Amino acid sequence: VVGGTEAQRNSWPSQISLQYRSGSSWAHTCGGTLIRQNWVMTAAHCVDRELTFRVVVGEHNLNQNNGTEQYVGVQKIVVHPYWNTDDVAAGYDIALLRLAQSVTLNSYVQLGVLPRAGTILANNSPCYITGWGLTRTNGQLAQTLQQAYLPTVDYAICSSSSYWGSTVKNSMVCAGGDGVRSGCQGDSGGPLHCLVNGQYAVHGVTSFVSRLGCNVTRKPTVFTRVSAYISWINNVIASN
């Protein structure tokens, strides 16, 4: 997250850290949203790879066990059928991860609220992106969970020539693009929390940014539109 601030410890209890086993220890690679004691929602490209994945709930500082964290492995990976590992701009960048054991829910570990199927946010809706990705475009990964105000940029605008043009599909969400704040390498799969009538809900899954950099004017961070996959999500959980 570029242009953000260290989030208040566990203020986004559904935010999780997707880590893969590297050597003897673990390494953070993506973010995710806990949606069931045993299910995590993240980006497809975070899990194409044949890696040993672990998920951390109740996390904040990736380099210290503050005692609120829970470490569980990923038992099964379910990438959306239409996902094309070679064309992120094609969309369908979402995947569900059934956990080895179910996490114990508490004040640090909560499920994320998903929008109603098909919900479309009005332009410039208040949202916050959260993650452990880079904090300075072309810099270092964050030790502590970061957050940044990232209001939405409706399709009309986002798909305009000056913005993302044809790169963005209706099944996506754009936020930010003001040049100062945006997601960055390491935030993928993470959530985009949007406030709608007092209620927060994960409307997007962090997908991509421009080759030119993270915080690039008129190239807002792009997320998979959660409200566009509710049916798929429920089906995957029900039949697994």
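For clarity, a rigid core is taken as the largest C-alpha set superposing within 1.5 Å between two forms. A residue's number is simply how far along the shown sequence it sits, counting from 1.
Between stretches 135 to 143 and 115 to 123, the one whose Cα atoms sit farther from the displayed model in 7 other deposited structures of this protein on average is 135 to 143 (core-aligned, root mean square). Rigid core fits of the other structures in 7 other deposited structures of this protein place the C-alpha atoms of one stretch farther away on average; of 10 to 18 and 213 to 221, that stretch is 10 to 18.
Mean C-alpha B-factor is higher over 44 to 52 than over the other stretch, the pair under comparison being 183 to 191 and 44 to 52. The question of which stretch, 139 to 147 or 96 to 104, has the higher mean Cα B factor is settled in favour of 139 to 147.
Comparing the C-alpha B-factors of 15, 224, 24, 231 in the entry, the top value falls on 24. The entry lists C-alpha B-factors for 133, 118, 91, 165, and the highest of these is at 133. Residue 124: CA B factor in the lowest third of modelled residues in this chain (values from the PDB entry). Residue 239 sits in the highest third of its chain by CA B factor, as recorded in the PDB entry. Per the deposited record, the Cα B-factor of residue 75 falls in the highest third when ranked against the other modelled residues of its chain.
Annotation for residue 170: CA B-factor lies in the highest third of the chain's modelled residues. Ranked by C-alpha B-factor against the other modelled residues of its chain, residue 200 falls in the highest third.
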